[PDB]
Structure formats: C-alpha cells, structure tokens
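*Asks:*
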Amino acid sequence: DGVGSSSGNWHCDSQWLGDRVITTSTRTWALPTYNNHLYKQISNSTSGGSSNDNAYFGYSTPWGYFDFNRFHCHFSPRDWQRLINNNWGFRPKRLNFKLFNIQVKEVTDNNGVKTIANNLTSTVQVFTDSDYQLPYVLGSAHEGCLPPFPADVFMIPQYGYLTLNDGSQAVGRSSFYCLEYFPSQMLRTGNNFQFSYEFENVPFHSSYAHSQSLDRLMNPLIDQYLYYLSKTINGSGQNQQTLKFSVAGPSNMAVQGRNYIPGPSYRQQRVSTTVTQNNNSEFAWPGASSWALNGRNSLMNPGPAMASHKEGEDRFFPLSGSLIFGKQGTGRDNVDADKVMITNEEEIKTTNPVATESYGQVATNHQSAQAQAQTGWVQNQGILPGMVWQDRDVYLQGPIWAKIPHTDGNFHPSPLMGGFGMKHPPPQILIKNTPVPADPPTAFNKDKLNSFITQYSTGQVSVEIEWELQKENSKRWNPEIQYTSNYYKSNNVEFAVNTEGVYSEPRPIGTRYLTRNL
Amino acid sequence: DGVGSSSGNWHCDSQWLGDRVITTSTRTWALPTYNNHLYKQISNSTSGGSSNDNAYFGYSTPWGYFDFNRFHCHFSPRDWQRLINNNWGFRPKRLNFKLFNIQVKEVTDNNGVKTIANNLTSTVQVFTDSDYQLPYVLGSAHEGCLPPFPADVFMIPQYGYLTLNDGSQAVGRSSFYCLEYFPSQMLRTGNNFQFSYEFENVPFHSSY
Amino acid sequence: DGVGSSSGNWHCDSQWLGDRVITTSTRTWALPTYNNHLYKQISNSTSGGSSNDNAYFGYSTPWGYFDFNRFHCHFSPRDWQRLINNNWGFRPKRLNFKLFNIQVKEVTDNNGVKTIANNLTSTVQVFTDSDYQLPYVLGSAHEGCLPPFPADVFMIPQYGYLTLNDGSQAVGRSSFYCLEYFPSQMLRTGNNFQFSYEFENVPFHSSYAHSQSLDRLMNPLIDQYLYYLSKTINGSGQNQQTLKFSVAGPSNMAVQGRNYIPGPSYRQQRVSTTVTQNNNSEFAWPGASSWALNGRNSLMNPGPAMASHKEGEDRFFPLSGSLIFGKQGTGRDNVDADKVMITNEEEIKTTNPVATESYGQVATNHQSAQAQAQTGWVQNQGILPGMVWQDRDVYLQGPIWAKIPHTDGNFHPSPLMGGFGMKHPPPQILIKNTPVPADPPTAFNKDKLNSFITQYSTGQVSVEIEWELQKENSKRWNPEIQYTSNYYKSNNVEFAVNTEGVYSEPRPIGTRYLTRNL
Amino acid sequence: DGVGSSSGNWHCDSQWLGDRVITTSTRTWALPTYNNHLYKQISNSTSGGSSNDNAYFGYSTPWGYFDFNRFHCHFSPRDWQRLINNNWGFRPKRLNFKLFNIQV
C-alpha cells in the first residue's frame, strides 16, 4: 500500500500440534552494498596463494542471500530439548517465507561526518531460484546464518560461486551466471515478499540411539545350530592335525554367525586431546585422511558416519572426522582446544565401526603345510550386501539440508555433515538493493556510470517451517537417559545472555538421547 | 498509485517457445539535464571545421532517447549461440516497452560539496512518436545502446537532428521541430509508462 | 496387383481445350547400375585438370533422375506450330507424372556370352524431393532429356552434385547428401508410381514480338512541346556563342523526349560467321565477356536478353551471348559452324539494345570556354528507373524452368537461358534399382558386400503438363508473319525421320512470330 | 499378397517433434547359410588354445541375428550433432521393426 501502514506483523513462535511443529523465526536484517554494484572474478591469483590444492576460480556478485539452513535459527533450545526428548524422528514438510517492512537508507559523508537519512524512492529487488539454475551455495554450512537469539541484527552474506579451473586460469566450460536474468520482484518501502514451499519426501531423521548393539543380537540362553572350526591343532608336536567343530554358543559368543555386518569405515588418524600423548611431530596435514580428485588433495572432512572414541577412552577424537564448532567469541585462527567445542559421537557406537580403528582383519595367502596363515588389516571397506550403518547425528548448530548434486547416480545421499539430503532443497533467496547513480555529467559519455550513492536497506525476514514428527512408542521399563541443565550454581545461565549482552551457547547438543531396539 | 508501492517488477529473461523467442531486457538508467533546458543550433561554425564535406547545420535538444536497436541488448551470448546454431531465419513480431520506478533527484552544491536529496514533487515527461513526424535518429547505429551486461547503469543519449544546409548556413527549408508539440505523459514517482508495437512484415533474415 | 495385369496404359496425346493444352508424353526408359552402387567424390584431382577456373569438388551418386524440362519432350512440332501461331502467352499450371510397367532384368555373363533373364523378385526404388532439400541439378539444361521422338529408348542420366571447394580440396562447409534419407517407394514389377504438382503463379511468357519500336512511340504528324538545345555556336569565328532552342518534332525525331529507355546491356564480343572477316588471332577465351567470382573466371554465357545483329547484317553474332544448339549427329568437340544451329534474336531488336553495340554515350568532363566537351562510351549499364527490357525468347529445344536460388534477394528472376523461373519448380524424380548382392561367404566377415548382380530396369514414364494459354486479340489489318515449312522438294521431310531411322530437327524454332503493340 | 506387389516402402528419415526423435533406419541385408544347417559345439579344443583363461565351451547355430544396438545405425552424424548440442538427456521409448521385400 503506502509508507504509513505496516507491511507485516512480527511473528515468532513455536507451537506444538499433535504431531507437528510450526516454528516461525523472524529476525531483522541489514544488507550493505557489495562490490560497488560490480561482478568480479575471485581467482586466487587476485590474492596470493601458493598451492595447487587451494587453486580456485570464481565470480563475486553484489547479491546477498539468506542462509538459514542451520537449526539454531528455528529452535529455541528449550524447544529443542522438548523435541529430542519425546520424539524418535522428525521431518520438514512446508516452508513459508516472508520479507516485510523493507526500508532503504542513504549515507551522506560531508566532511569527517556521516548523515543517515531515509530514502523513500529507492528500491530493493529480491528473487528466488525455483528451478535451481544457479549454483547452490547453502550446502557447505557457511557462516552468516540467522543469529540464534532474535534480539541480534545481522549482515547478509555476499554471494559468489566457484567454477571449473586449472591453476588460477579458467577452462572454457567455466560458467558465468549473471544473476540478473531471473525475474525479481522490485520492492519499495511498503511492499512485502512471500512464497511457499513443499519439501519433497525425505526419510525421517532418526533421533533414537540403539538400545542393543549389533554384534550382540543373539539369545544368551540358547545355542545356535552351527559349527565354527574350533581347534585345528590336535596338540603340540609334528603332524598333529585335526578338524574339530563345536557349537557356537553363549560360552564363546563372538564366534556365532550373524545375519548382518556393521557399516563402512574409512580410517581417520587418532588425535588425543591430552597434550603429551600425541606425537611430537607435525602430522596435521601429512597424516590426515584425504580423498584426492583431479590432482587436488582434499581432506576427507566429515566422511562416513562412524563412532569416534572406543568406550571408556574419551581422551582422543579423530583428526578430521568429527564436526567441530567454536564457542561464542572464538578467535579466527590458531584457537586453543579449550575455546572450541569438539563434537563426540558415542550414540552410533553400536552399529558403526570406530573411526580410529580398523574395520576388521582379512586373510591373504592360502595356508599350506609349509606356509602359515597370514591376515592383513582392512583400512577401508566399501558397502557390502547386508551391511547396516547409521547416519551421523544432527546437531542443533549443524546444518539442515544439502542439495544432492544432480548426477547420473549417487548412493544413500545423506549429507556427510548431517541432516536431510534432497533433490530440490528450499530455494535460495537473493536480495540486492538496486544501484542509484550519483549525478551524471551533462555532456554525454559512452562509459557506464561508476559513481553510485552509498546505500543500504533494512527489514525483517520470517522463516516458517513445519516439522513433522514421530512419537516414542517404546515399552522400555527403566527410566530413560535424557537431557538436563547442570543444576549446581553457575555464574551465568547456560544458553542465556551474558552481562554485557553477548549471547553464548555453552556446549553442542546431540540429537540422540532416546533408546530404541535394533 | 503512490510513493510506497512499486510501479513494476524487474523482469529480464529469454524464454524459448516452439518457434518464438520472447526476450525481455531490463536495465536501469539515468537521465541528466541537457543544455540547461534549451534548444540550440549545432552548425559547425559553432565549433571550428575546415571543410565543405563536413558542413552540417542542426539543432540540439534537451530530450533524451532510448536507442536499443543493437542486438547485444536483447540477447545473452549463450542465447544468441542457441539462436544462430539451430535456425535459418528469424524476424521480430511484437515489441512491448515499459518504464517504471522513475525516481527524480536534486543536486545541491553549497560550498565545494554536493548533496543529493530525493525530490518527490518533480516530474519526468515521456512520449513516443507514433506517426514518425520527427526525424529518425536511431538509424545510424549511434553509441548509447543499452549496455550489454545488465549490471551496468548507463546515460541516456542527447537528441539532436540535422537538416538542410549550405556551408554552415541554413536554407529556407531547414526544419525546426520543437519536440514539445506532441502529447507527452507526465510521469511522477510512482507512475509507469508502457506501450505495445507490431512490426510490419519483414522478410526473414537469412542466417544460412 | 500382380505380374500378369498391366500397371498402366500408354497415353501420349496433346488435346486442345478452349484456352488450355494438356500434353501427355510417354516414353520408355532404361536405367543402368551406376558406380556399382557406390558414392564417390568427383573432384578434378581425380581426373587431371590444369586450372583454378575449372576446379570442382562434388559427389557422384548411383541415383538416376528424369530431366524433362526441355520443351521438345512435351510438344510435337506440328503442335508447337499451333501454339506459337495463335497465342501471345502460355503458362504451365499442373504437372502429373506416372511410372508404370517397371520390369527388372538380370545380366549373366558366363564365358564370352551374355544372357538376359527376367527377374521377378528384384525391386526399383523411386522418390521425389518435395521440399527441395537436395541440390537442384535440372537447371543447367543438361543432356539426357526425354527424346524428342517417342519411338526412341533412352538412358537415364546419373546424378551428382557439386559443393564448395578450394582448388580440388573441400571446405568444411562442403555438404554430403546421402540420397537415402528420404522415404522412397519401393517398386516391384506390377507397381506404378504417380504424383501431382501445382506450378506456382508465373508471369505469362510473352510469345509476341513488338510491332512498333521503342525509340519511335511518337506521333509523326504532331510536334511535342519541348525545346532541345539546337545550336550552341552562333557561327564560325571567335566569341560566337548562343543558346538556340527549337521544338523537337518530326523534322528531327531522334531528339524528342521519351518517357522510357531500353533495357540493360552487357557487352559481348562480335564474331562474324564469315571466315575472313574475323581477326586472325586467338580471341575466344581472352576477348570474351566473363563475370568473375571468388577468383573464378566464368564466361558470361547467355546474359541479359539483348538483340544480336543490327538490322541488315546477319553475318555476325555475339561470341558468347546467343544460345547455340547442335544438329542431330553433331560431334562432341571442335565442330564446324555448319553442323551447328546458331540461334538468332531479331524479335527483341525493338526494345533491347544490341549485344555487340554500346548502350549509349555519356559525357565526362565539364565543358568550359577552355575545355571541350568529351563523351565516354558506356560498355555496361545496370537497371535504371523507368527502363524497359524484354526477356529472351524461349526455343523449342531450350529449357522450361529453372530454380531461383533461395536467397535474400534477387531481381526479375527470369532465367537467362529462358523460360519460367520459379521458387518451387516441379520436383526432381530420382530412381535407382536396389542393389542385390551376389552370394556372400559362409564364414562371417566384417566388410560390406562389394559383389553385386549386374542388373538394370525398364519401364515407361508419363509426364502430363497442363499449359494455360493467352489468345491473340489483335486488330492488326495486314496478314501476319508466321511459321511455315519450306515447300520446295526436299530429299527428306524436315522434323521427320531419316532413311536409316535417325530422327533429326533441321533448325531451331523461335517462340515469337506474332506482332503486338507496345 | 503375391510376388508382383511390393511388401513395404523404403522409409529412412529422422524427424524432430517438439521433444522427441523418431529415427527410421532402413538398410538392405544378405543372409548366407551357416554351418550347412547344423548345430556344432565350439569348445576351444576344436581350434587350439593354450590357456585356462580363454577356455570356452559353446554351441554354434545356423541362425543369424540383427545387432543394431550401436548408435551410428540410428543417427546421421549431422543429426547426432543436433542432438548433443541442444539436449541434456535422451531416452528411448518405443521400437518398431520391419522386414520386407525378402527375396531368396
């Protein structure tokens, strides 16, 4: 309508229906003017770089975009607690999104002084990519999420997209997407933007951690009917040889036959949190587990979902397996371990192998009267038939979805970092304030106008997700293990604002506190 | 309507139907104030010139005009490639044109400093020549086309028109067109201007 | 149906309705097997050649085609006479075409002896090009027309098509058309093939030769009202100068003003039929009029329609202007003039300039008291506004139509050789007997079969054209000039078969014997 | 019907509809007589062979068969070019097959 009347009402709540959670999250935002309204190429040769591994070629755009894919945007910790206590699984269904109360402002620097005066004529243009024709940048869990605590006011991240490269030089396939093609609603003060979305069917993310390990599914009372080869040697001395078979039973359980086998494993170097126990050598880059592509050596950061510490040893975690988050106010580089929250997967320990430990032991050479049996270790094991694995736990800070790259084939496309892999995620939402030129010269000139009015805009965003649920049916007798707040007097409340206003999150929150049978 | 609501949505795309190409191209623009709102005569005797061959007499006007007649305005090279690979000939049919989101601004120089403050009262007037009563300046492929790459912001070319001459002096047939006669929609912030067109039948340009 | 019953009745007649001529012409034919069922490239480097001018690159195909575009196919001379006596103009309308009574035969050479035995299983495949996707070879008036005299049995010409070239080497645009793509009715003995056609509207070809010259349209009795400059010099001696204007009138007629001007001219060298009058030098190639393209020097064979001999001089004709035909039994190379029928255009002498003579005289330098007037000759003159020309006469032997090459633009596309230029001629009709392999080897082999049964086919063709007419309305009082047969006792009848059976045509036949006003 | 009339018309073309390609390919063929109308066994011991890796046992039949599964059968290169320039993906749907004009 007009400048006077408001475009939309601030609405932020999480309401709990019988089996669904409608979480609105509405936070105010500010969009600067990037690159002076230019497109540029970002190839490392612009700024330094020594390596082939980090060689990258890509374009930077003025457009900003909204990255909300983290959870902490949509769930107040108390409500999160309410989710992961009472529910085995949850899935999104719909996504509603609203921009409103856009207001544009204009900075004027005269001499050593700035003056911010509202601009009613200016516009701000927004569009969503429905058909995924653009690159998808939201998958890597970049910084710039909606702030956890709505009282904050955040900057919108700039948007740029990498393409093919050789060294710092671009191959003829290198795409250039001018973000301008797509029809983009021009918004002025007093216009709101909204759209709806339907998440495609995704398997419910399991929040239940298994209540009985895979290696023991058996019945401790009753024998099987099978015979493992128990004793080859009939006794000490020469030419003592026999085949003695014996029932696999509760006496020796590890040898029984089992219908299934644990999930795949890809080795990770073991790093102890204690200082003195690790080796006194630089092993971070050289010893790490890295998958190589096209001559690029890329870390195998967060790979197959696999447990980290063997029971009773919490001192060490894998070098590059576990997802690591920073505490509030964590420095940028060379941060000590104390200031950093290292995640830990104990919940998956039952059905998946240890990251730091081998997947098993396989024989190599045919035994013979002359030649002894020899068994080599298995460092990596792909999928086998009848193998069972479980996907990585999905943390409150960690991302929600990621786009499954459109390709001939893929296997079990659950993103390694976590969450719900999809063929058609919720679209990107891109916003740029339209450039307004400073006064041109009167005499005509060929060149484009490089002189613009320093400008930025401000508004709200409303991201309303409807989470489907699955409710706990279990008959478990004994009281559950659950999630609590440490009760001993603490100087500050966890998950609550500090004295000077800095909001902070004390520790990561795993998804799986419930137990369930295999 | 009013200052708050937007006049029109940015729409730039090229969509390919069975046998047609609808190419929208939408780029932002800036129009200065030419000649301090005056008409003048441009005859070479104003500025130098040594020759009879270059002798020219004509008027300069404040009015700006949109010269889009180049192709690179309407076709993204990748889409152009798609055109001239798969097709022997192509012809225009319709032309739709829209101005929107006009906003006027006002420069104030006090001492050694400029201040640009929005002006809500001011107007901007636009008209199209339907009957071709004016000279036609778009034919010579002058500079000032819409920029190839929409992220650019361009200046509108000034409009002036030559007439008969002898040396630097004008013959009695020399026409003077005051561009003001024609009815011209007065636009203020929050008004949009649009019209439609039908290209007359033209032989398909051979791309083969 | 079947082998026994006949496919179609021989029908050859020309019947005259009120204003139309339906001429059926049905002649039997024989199609050999070309290139052993292969495609090949014909580039001059295959066989010799010394020149850039004759450099040609093109493909030869097995397919044969029917070239009927000459007139003598469709008109018995007596009927032709009936046409060009009584009619000012004529145009085709419809074309009906029929193949029938196809019979395939098989040659077997045993030892020094051949045996021709009918083959009932074999096929012969025919198709027409409706969409003109192939090259159009019928335009150049190639030999291989249906014979004039239906008792003859003729061979079908082979089909091959030139493309772009540089020297003997092909440029990347060089097209290769496998004639096989197009759907082609497979015919076996006892199948007939037929289709219909509609000629697009073409201007009536004028058979009338004008009864009053262009230079004199005036009224010999009455003056005009104009003044040409009659006398510049007031008399002998110095400083005698005046401007004396006088009416242009019957006294001096050549100076009157005229609304129109004769058609364009492109000079042709004059060659006298008498031996001794021509120069004693080789001038055939060097002195000829040739338009050059892409460095090729191409003769300007049959160019703009322009008269040949100035009245009262029949001794010489242009070097490469006039269409020249050979008498029956004319040798291939270095034939003397007597054995060759040289065409002559006297009918167009009124409205078009002489080929051997300049188009006019134009001044060059500004006259002055000091400098005399000077006038250079005009060798070539393009079209000017208000210019009138008339197209070349269309001989009984000469072609009917030619395809106007599909292009951005063309001007008055009446083919220089003659007849009716069209955007969509009557389509080409291509016929090839399908290859039948000789027995293969039993053991499998990769290569294609190169061993085929020598084979050929035979049948009839029926080309039924409907010619529209325009009838003579003239009020001329005196008896017309007309076409006759020389009555003095001749050893053989003209246009009739010789003693040993050789059919012959004594002299060309022009189209225009009628007179009409401008 | 009978010997005289033809069984079917040679039809070879590739026509491009809005989103489909109907490619007819029609080529003449010749079928010899294999194995003098016998079945035989082809085991390597028939003809030489030194190896366990190449050991093979199988039957040879008189029957011939049509192997068209290659692409170059169904696409004229110019038409192939037209396919892989303008299109991300393509899939077959129907297959029609015709023998005609058999002559022994």
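Chains as they are written, first to last, in the deposited numbering: chain G, 219 to 736; chain F, 219 to 426; chain E, 219 to 736; chain A, 219 to 322.
Idealized CB from N, CA, C, for every residue including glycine.
1) Could you name the residues of chain F that residue 402 (chain G) contacts, counting a contact when the two beta carbons are closer than 9 Å?
2) With a threshold of 7 Å, establish whether the CB of residue 674 (chain E) neighbours any heavy atom of the ligand MG.
3) Among A:290, A:258 and A:301, which has the Cα closest to the Cα of residue 243 (chain A)?
4) Return the residue from the list G:271, G:258 and G:455 that minimises the CA-CA distance to residue 512 (chain G).
5) If residue 427 (chain E) sits next to residue 732 (chain E), beta carbons under 8 Å apart, how far is it from one beta carbon to the other, in whole angstroms?
6) Using a Cβ-Cβ cut-off of less than 8 Å, give me the residues of the stretch 367-390 of chain F that come near chain G, in sequence order.
7) Please list, in chain order, the residues of the stretch 251-273 of chain G that have any C-beta partner in chain F closer than 9 Å.
8) Name the residue from F:379, F:409 and F:415 whose alpha carbon lies nearest to the alpha carbon of residue 275 (chain F).
9) Pull up the DSSP beta-bridge partners for residue 427 (chain G), would you.
10) Under DSSP, the alpha helix (DSSP H) around residue 303 (chain F) begins and ends at which residues?
11) How big is the Cα-Cα spacing for residue 561 (chain G) and residue 701 (chain G)?
12) With 16 other CB atoms within 10 Å as the buried threshold, where does residue 641 (chain E) fall?
13) Quick one: using the 10 Å Cβ neighbour count with 16 as the cut-off for buried, is residue 681 (chain E) buried or exposed?
14) Near residue 502 (chain G), what residues of its chain come up, given a Cβ to Cβ distance below 8 Å and the 5 sequence neighbours on each side ignored?
15) Using 8 Å as the threshold, is the stretch 320-335 of chain E in touch with the stretch 436-446 of chain E, meaning 3 or more CB pairs across them?
16) Measuring straight from C-alpha to C-alpha, what distance separates residue 709 (chain E) and residue 669 (chain E)?
17) Sort out for me which residues DSSP pairs residue 489 (chain G) with in a bridge.
18) Pull up the distance between the alpha-carbon of residue 505 (chain E) and that of residue 547 (chain E), whole angstroms please.
19) Among G:672, G:294, G:611 and G:655, which residue has its Cα nearest to the Cα of residue 424 (chain G)?
20) Where do the N-terminal and C-terminal ends of the beta strand (DSSP E) with residue 607 (chain G) fall, by residue?
21) Within the stretch 487-525 of chain E, note down every full beta strand (DSSP E) run reaching 3 residues or more, in order along the chain.
22) Listed from N- to C-terminal order along the chain, which residues in the stretch 292-316 of chain F have their beta-carbon within a distance smaller than 7 Å of any beta-carbon of chain A?
23) Measuring only the C-alpha atoms, how far is residue 347 (chain F) from residue 287 (chain F)?
24) Does DSSP put residue 278 (chain A) in a helix, a strand or coil?
25) Note down, one range per segment and in chain order, each beta strand (DSSP E) of at least 3 residues found wholly within the stretch 622-674 of chain E.
26) Taking CB distances under 8 Å as the criterion, tell me whether residue 667 (chain E) reaches chain A.
27) Contact between the stretch 454-462 of chain G and the stretch 589-606 of chain G is defined here as three or more beta-carbon pairs at a separation below 8 Å; is this criterion met?
28) Which residues share a DSSP beta bridge with residue 311 (chain E)?
29) What number of angstroms, rounded off, separates the C-alpha of residue 313 (chain E) from the C-alpha of residue 305 (chain F)?
30) Looking at the structure shown, is residue 557 (chain E) part of a helix, part of a strand, or coil, going by DSSP?
31) Can at least three beta-carbon pairs, one atom from the stretch 358-369 of chain E and one from the stretch 689-708 of chain E, be found at a separation below 8 Å?
32) Determine the closest residue to residue 409 (chain E) out of E:678, E:241 and E:725, with distance taken between C-alpha atoms.
33) My guess is that residue 320 (chain F) and residue 407 (chain F) are in contact by the Cβ rule of under 8 Å, so how many angstroms apart are they, rounded?
34) According to a CB-to-CB cut-off of less than 9 Å, which residues of the stretch 645-657 of chain G neighbour chain F?
35) Would DSSP call residue 357 (chain G) helix, strand or coil?
36) Check whether chain G comes within 8 Å of residue 279 (chain F), counting only Cβ atoms and requiring the distance to be less than that.
*Replies:* This is what the structure gives:
1) Correct list: 227, 228, 229 and 230.
2) Of ligands this structure carries none, so the ligand MG is not represented either.
3) Residue A:290 is the option with its Cα nearest to residue 243 (chain A).
4) The option with the nearest alpha carbon to residue 512 (chain G) is G:271.
5) Confirmed, Cβ separation roughly 7 Å.
6) Listed in sequence order: 367, 368, 369, 370, 371, 372, 373, 375 and 376.
7) From the stretch 251-273 of chain G, only 255, 256 and 257 have a Cβ closer than 9 Å to chain F.
8) Measuring from the Cα of residue 275 (chain F), the nearest candidate turns out to be F:379.
9) For residue 427 (chain G), which the question treats as bridged, DSSP gives the partners G:733.
10) Looking at the DSSP string, the run of the alpha helix (DSSP H) that includes residue 303 (chain F) is 295-304.
11) For residue 561 (chain G) and residue 701 (chain G), the distance between alpha carbons rounds to 16 Å.
12) Classification of residue 641 (chain E): exposed, given that the 10 Å Cβ count is below 16.
13) When all chains shown are included, residue 681 (chain E) counts as buried.
14) Closer than 8 Å at Cβ, skipping near neighbours: 537.
15) These segments do not touch.
16) Roughly 53 Å between the two C-alpha positions.
17) For residue 489 (chain G), which the question treats as bridged, DSSP gives the partners G:535.
18) Those two C-alpha atoms are separated by around 30 Å.
19) Cα-wise, what sits closest to residue 424 (chain G) is G:611.
20) Membership of residue 607 (chain G) in any beta strand (DSSP E) is not indicated, and neither H nor E is assigned to it by DSSP.
21) You should have 488-490, 508-511 and 514-517.
22) 303 and 304: these are the residues of the stretch 292-316 of chain F whose beta carbon lies less than 7 Å from some beta carbon of chain A, given in chain order.
23) One C-alpha to the other measures close to 16 Å.
24) The DSSP-derived three-state label of residue 278 (chain A) is strand.
25) If we require 3 residues or more, the beta strand (DSSP E) runs fully inside the stretch 622-674 of chain E come out as 638-640 and 647-651.
26) At least one chain A Cβ lies under 8 Å of residue 667 (chain E).
27) Contact between the stretch 454-462 of chain G and the stretch 589-606 of chain G is absent, because fewer than three Cβ pairs lie under 8 Å.
28) Residue 311 (chain E) pairs with nothing; no bridge assigned.
29) Looking at the backbone, the Cα of residue 313 (chain E) and that of residue 305 (chain F) are separated by about 32 Å.
30) Helix.
31) Using a Cβ-Cβ distance cut-off of 8 Å, the stretch 358-369 of chain E and the stretch 689-708 of chain E are not in contact, since fewer than three pairs of beta carbons, one from each stretch, lie closer than that value.
32) The shortest Cα separation from residue 409 (chain E) among E:678, E:241 and E:725 belongs to E:678.
33) Sure, about 6 Å apart at Cβ, within 8 Å.
34) Taking 9 Å as the Cβ-Cβ cut-off against chain F, the residues of the stretch 645-657 of chain G that qualify are 652, 653, 654, 655, 656 and 657.
35) If DSSP states are grouped into helix, strand and coil, residue 357 (chain G) belongs with the helices.
36) Taking 8 Å as the threshold, the shortest C-beta distance from residue 279 (chain F) to chain G does not fall below it.
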